[PDB]
Every structure is written in C-alpha cells, then in structure tokens.
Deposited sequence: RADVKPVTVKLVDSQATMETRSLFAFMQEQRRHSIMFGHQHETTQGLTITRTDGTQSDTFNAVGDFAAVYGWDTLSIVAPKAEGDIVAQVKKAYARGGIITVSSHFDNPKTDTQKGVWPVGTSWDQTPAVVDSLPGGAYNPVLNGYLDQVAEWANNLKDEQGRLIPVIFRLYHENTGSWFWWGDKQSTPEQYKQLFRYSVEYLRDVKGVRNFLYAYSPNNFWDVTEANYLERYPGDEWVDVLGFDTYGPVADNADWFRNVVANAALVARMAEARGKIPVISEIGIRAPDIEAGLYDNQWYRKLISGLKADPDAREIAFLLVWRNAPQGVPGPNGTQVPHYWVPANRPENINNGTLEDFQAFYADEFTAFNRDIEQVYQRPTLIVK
C-alpha cells in the first residue's frame, strides 16, 4: 500500500494505481510511448488496434498509447478510439489523450484551414472563460470529453484510466491558448477551469491531468512556473520538444536539461515527470542518442515515459535495458493505494 495525492481526490482505484505504478516504475526504466500507436502507421494493414509500426519493428507495442481529442470531440476527424483504447488497456498498456480543441471563438467559420481549429491563432482564452461569449462553445467540447471518459469501460464495466494532457505547447503562439493569446494568469484560469469542469461539473473520475509547455532554452524552474497551472491542478509534469535532424547535439542536451528539470520539480511536488511529446531527412542515431542522453543523467533518467509523435537505431533503443515496452510493464492497475 502507498498513499497517492491526485488532482481528482475521488479518482478510481485503477487511476490511483496508475499513478502509483509510474511513481515506482520511473526510477527503473523509461516507457516508450507513441501517438496513434495502433491507429496510424506506414506498415499496418488494420487500424482496429491490433497492429502498430512499433510492433512490426521490434515485436512489441509501445507501453504508452497516445491519442487526441480529434477522436473524441465532434466532428471526430480521426475516428473513434474506444475500441483501440480497450484493446490497449487489455494488454496492460497506458493511455494518454491530448486536447486538440477547435477555437471556441471561430469554430463556426471553418472552411479554409486553419480557421476555427487549434491552429487558428485568434485569441480565444479570454472569451471562453465563464463570462466570455464563447464559454458555451468550450463547454460543449468539455462535455464530449467527459461523456467519452465516463463511458470508457473495460470488460468488467470498470473505467479505464487516461492521462489527459490539456492545452499543450502553451508557451508558443501557434495555438489559440498560446502565450500571445493570453496572459499567464488567463492561461492558468483556462487550464484550471477545464479541469474543474471535467472533474466537478461532469464527474470525471478516471483522469490524471498533465501539463506540457514547450522545451525551454533558458532551463529554469521560474520559466516553467510562469504558466504552470499549479500543484492542485496537475498530476503529470511534461514538456514537448521537436528538434533538427542534423547537428542536433545542442538540442539533445536541451532535451536532457528539460527532462532533468521536470524530474527534479516532480520529486519536490509529488508529480510524475515525463517527456510528453518528442520528435524531429533522417538521423539514424536519433533513438540511441535519446536513450543514452536521458539515462546517463541522474534526474532526466527518472521520467516515467517519453512519447514520440533507422530501423536498426530503433531496434537498439528497444533492446536497451532501460527502455520499457508493453510486455515490460506489469501490475499497473491493481496496486493498493
């Protein structure tokens, strides 16, 4: 038995166990995650959740399965993922979903990309908080996320835990919830309001909440804290980083530095540190550089997982003793808390 302190104090036993699992596991390995693991790939023949490019490359699925709200909120352009999530959970996999919400202020104007999508930079934070004219639009997205979460059940009728990552890459201005679109306080309010709405207004009990700004080039706790929603509102501390295919030594050092920072903060705050999104012509030493850099650092090695969004390189990463794929993780959801 271990005691866990989550954002949702009434979270299900399996959700609590998932958090406890990562707390233990994170100092013994780094789980491999992949966005659209069993629903998109260059080598798969079925998108039913039974195949993955990862499995075809190394003989096992990723341990962490990433999906986003383009599979949950209308119009669900990426299609539903309930069945694929259930298949992944049945294998003992871990599920994470990131919000990719349309712009609440302009979503009825869709036609010419990127109008009305996440990529429509029209500031929409101020007008979507309570009091704002587009608060009902944002609430409609959150209603759909909650209904989906509330009915996401396994074969015994129990809820499937999900690591829900809200308003990522918020320290850049390419999304409507970005740093040119809101003051730090307004962004914190958007995050907090959304968590509160899901947890308290809609009763979601199977979510862990993740925060994930971009990598910082000035790697300080003060910089990460500027738009941080707060320890009462975040369970998972991550970050997103995309680098160059060539001459990337500096970028890899920055990956390690940001992972070390969130790892140290996570230990101080009782959170789970992760690399929420990492990605990039080809670099056939990319994965070897990634795992070697991370595991050599005493803080960065403590991240629970890294999620990616050349075959020999990846096979070496899989063979590394510190990486963990789906069959390498056990007893994730029935740990006593």
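Chemist: Ranges lacking C-alpha coordinates, please, mapped onto the deposited sequence and listed in sequence order.
Modeler: Absent from the structure are positions 1-5, 286-293, 323-353, 382-385.
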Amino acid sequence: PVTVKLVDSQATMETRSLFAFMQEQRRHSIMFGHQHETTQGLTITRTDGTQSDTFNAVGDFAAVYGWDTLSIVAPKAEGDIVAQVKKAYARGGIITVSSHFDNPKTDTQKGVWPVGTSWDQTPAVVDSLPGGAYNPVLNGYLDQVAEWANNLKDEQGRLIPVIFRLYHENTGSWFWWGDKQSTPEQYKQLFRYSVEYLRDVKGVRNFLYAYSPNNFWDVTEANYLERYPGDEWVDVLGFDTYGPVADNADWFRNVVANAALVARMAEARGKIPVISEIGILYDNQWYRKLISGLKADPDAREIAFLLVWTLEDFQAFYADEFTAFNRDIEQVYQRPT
From here on, numbers count along this sequence of modelled residues.
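Chemist: Decide which of the stretches 14-22 and 321-329 has the higher mean C-alpha B-factor, going by the entry.
Modeler: 321-329 has the higher mean C-alpha B-factor.
Chemist: Between 217-225 and 200-208, point out the one with the higher average CA B-factor as the PDB entry records it.
Modeler: Mean CA B-factor is higher for 217-225.
Chemist: Of the options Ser276, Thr69, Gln35, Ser292, which has the highest CA B factor as deposited?
Modeler: Answer for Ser276, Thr69, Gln35, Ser292: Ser292, with the highest C-alpha B-factor.
Chemist: For the listed residues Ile272, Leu307, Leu42, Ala63, which one has the largest C-alpha B-factor as given in the deposited model?
Modeler: It is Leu42.
Chemist: Lowest, middle or highest third: which one holds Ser182 when the chain's residues are ordered by CA B-factor from the entry?
Modeler: Its C-alpha B-factor belongs to the middle third of this chain's values.
Chemist: Comparing against every modelled residue in the chain, figure out the third that the C-alpha B-factor of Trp174 lands in (lowest, middle or highest).
Modeler: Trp174: CA B-factor falls in the middle third of its chain.
Chemist: Based on the deposited C-alpha B factors for this chain, I'd like to know if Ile94 is in the lowest, middle or highest third.
Modeler: Lowest third of the chain for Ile94's C-alpha B-factor.
Chemist: Would you please rank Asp143 by its C-alpha temperature factor against the other modelled residues of its chain and give the third it falls in: lowest, middle or highest?
Modeler: Lowest third of the chain for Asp143's C-alpha B-factor.
Chemist: Would you mind checking where the Cα B-factor of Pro104 ranks among the modelled residues of its chain, as the lowest, middle or highest third?
Modeler: Bottom third by C-alpha B-factor.
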